[PDB]
Structure formats: C-alpha cells, structure tokens
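From first to last, the protein sequence lines are chains T and w. Read left to right, the first sequence gives residues 32 to 45, 52 to 156 (the authors' numbering). Read left to right, the second sequence gives residues 103 to 162, 174 to 201 (the authors' numbering). What follows is a set of notes on a single structure, which appears directly below.
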Amino acid sequence: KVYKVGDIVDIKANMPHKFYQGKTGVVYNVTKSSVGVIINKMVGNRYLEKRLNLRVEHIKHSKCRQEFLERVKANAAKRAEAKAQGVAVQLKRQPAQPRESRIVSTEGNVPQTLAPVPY
Amino acid sequence: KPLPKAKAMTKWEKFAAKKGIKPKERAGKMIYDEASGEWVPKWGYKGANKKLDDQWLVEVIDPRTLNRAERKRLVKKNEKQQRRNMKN
Numbered sequence: 032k033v034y035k036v037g038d039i040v041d042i043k044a045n052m053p054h055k056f057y058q059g060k061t062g063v064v065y066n067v068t069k070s071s072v073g074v075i076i077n078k079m080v081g082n083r084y085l086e087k088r089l090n091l092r093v094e095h096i097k098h099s100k101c102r103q104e105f106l107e108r109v110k111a112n113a114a115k116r117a118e119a120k121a122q123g124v125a126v127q128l129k130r131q132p133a134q135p136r137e138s139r140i141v142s143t144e145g146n147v148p149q150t151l152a153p154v155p156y
Numbered sequence: 103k104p105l106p107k108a109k110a111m112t113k114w115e116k117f118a119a120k121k122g123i124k125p126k127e128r129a130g131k132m133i134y135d136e137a138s139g140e141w142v143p144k145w146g147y148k149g150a151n152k153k154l155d156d157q158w159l160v161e162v174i175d176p177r178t179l180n181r182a183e184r185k186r187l188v189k190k191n192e193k194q195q196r197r198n199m200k201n
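Quick look at the structure:
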C-alpha cells in the first residue's frame with residue numbers, strides 16, 4: 032500500500054477520542070510518517086472542508102469506483118456486438134420488478150397448520 | 103572541608119519574591135484523564151504530553178513532529194537559563 036497525491040481513501044481506526058470512522062476523501066499531502074485528507078463537512082447547510090492528518094496504517098484504498106469501470110467495459114462489449122449485428126441490446130439497468138404468476142404444487146408438500154404458543 | 107553554603111537567587115527566587123508567588127504543595131504526580139477513565143501520570147508513564155504523538159489523527174508538514182520540536186525548544190531554553198544563572 033503506497034498512496035499518491037489525489038487518490039481516494041476511507042478512514043478506519045483499528052478508543053473514545055474522535056469518530057469520523059467511515060468517511061471518504063482525497064489525499065492532498067503525503068508526508069513520510071503520515072498522510073493528509075480533506076473532508077467536506079455540512080456546516081449547517083454549507084459544505085466547508087476540514088483538513089485532517091491521519092497516519093499510514095489508519096487508512097485504506099477504496100473500491101467505490103470499480104463497478105462503474107467494469108460496467109463501461111461490459112457496455113463496450115455489448116455495443117461492439119450491437120454494431121456487429123442489428124440487435125436491440127437494452128444497455129440500461131432496471132430497478133427490481135414485481136413478480137409474475139405461479140402455480141405451487143402440494144404433492145410432496147402438504148401444508149402444515151401451526152398455531153401460536155402459550156405464555 | 104569548609105562548611106557548605108551556596109546562596110544564589112537565580113532571578114526566579116527574586117521575581118517570585120518581589121511579588122507573592124508561593125511554592126506549590128507538591129502533592130501528587132497523577133492527573134485524571136476524561137475518556138479514558140484512568141489516572142495517567144502527567145509525566146512518568148505515557149505522560150499526557152506524549153499523547154499528541156500517538157494520537158490517531160491530529161486535525162492539523175506533520176503537526177506532531179512540529180509539536181515535538183516546540184517542546185524540545187523549551188527544554189533547551191530551560192537548560193540554557195539554568196546554565197546562565199549558575200554562571201552568575
């Protein structure tokens with residue numbers, strides 16, 4: 032783990054002193070013994086930046102921008118195919134949908150009735 | 103050997119005595135830390151001074178090293194003042 036000026040990291044302390058503990062910011066300095074991050078804090082209804090100076094081992098890289106890249110590459114593939122042929126490809130995602138009709142079967146599964154228990 | 107006598111006022115015993123600064127009671131060496139809940143020697147084991155050294159974030174060059182330097186400057190100034198007084 033070696034960090035560069037500008038990358039993104041999250042704070043994770045391995052007690053009662055201070056708790057950001059799970060925010061996400063950009064490295065704006067890398068000194069020998071530590072690293073420095075900035076964090077936009079909601080000062081009432083404004084975003085004013087605090088410059089925190091963490092240590093080395095209390096910070097790790099982030100994967101909050103891996104799915105975007107992987108999906109853009111999968112979309113490159115899908116669009117290569119959609120130009121290779123005349124195909125409706127429907128790249129857009131979709132929110133989870135309501136289910137459809139079904140027919141359950143009580144052959145090896147007879148419904149067992151159960152009542153609530155006492156005290 | 104002659105009898106022992108060495109009466110220097112070191113300019114602190116002069117300043118403190120022109121006005122009415124009395125000495126301190128010299129009761130104890132512990133303070134009370136609030137979060138945590140221990141008695142944490144003020145100097146004598148992980149003294150409250152050497153705490154900004156291992157703090158897990160400082161909230162603003175590394176500020177902890179600058180703090181160490183600023184402490185060392187006062188230590189060396191105290192030693193120099195003592196040497197000057199002893200030379201007087």
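Beta carbons: idealized from backbone N, C-alpha and C, even for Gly.
Check, Outcome
"Closest Cβ-Cβ distance between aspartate 155 of chain w and chain T: below 8 angstroms?", "no"
"Could you confirm whether any beta carbon from chain w is found closer than 8 angstroms to the beta carbon of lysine 87 of chain T?", "yes"
"So with Cβ pairs under 8 angstroms, would you call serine 138 of chain T a contact of chain w?", "no"
"For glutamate 136 of chain w, which of T:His54, T:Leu128, T:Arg83, T:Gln134 has the nearest alpha-carbon?", "T:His54"
"Return the CA-CA distance between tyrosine 34 of chain T and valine 40 of chain T, expressed in angstroms with no decimal places.", "9 angstroms"
"When DSSP labels each residue in this structure, what does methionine 199 of chain w get in the three-state scheme?", "helix"
"When DSSP builds the beta bridges, which residues end up paired with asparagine 66 of chain T?", "T:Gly73"
"Report yes if the CB atom of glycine 59 of chain T is closer than 8 angstroms to the CB atom of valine 74 of chain T, and no otherwise.", "no"
"Distance check for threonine 112 of chain w and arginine 196 of chain w, CA to CA, integer angstroms please.", "10 angstroms"
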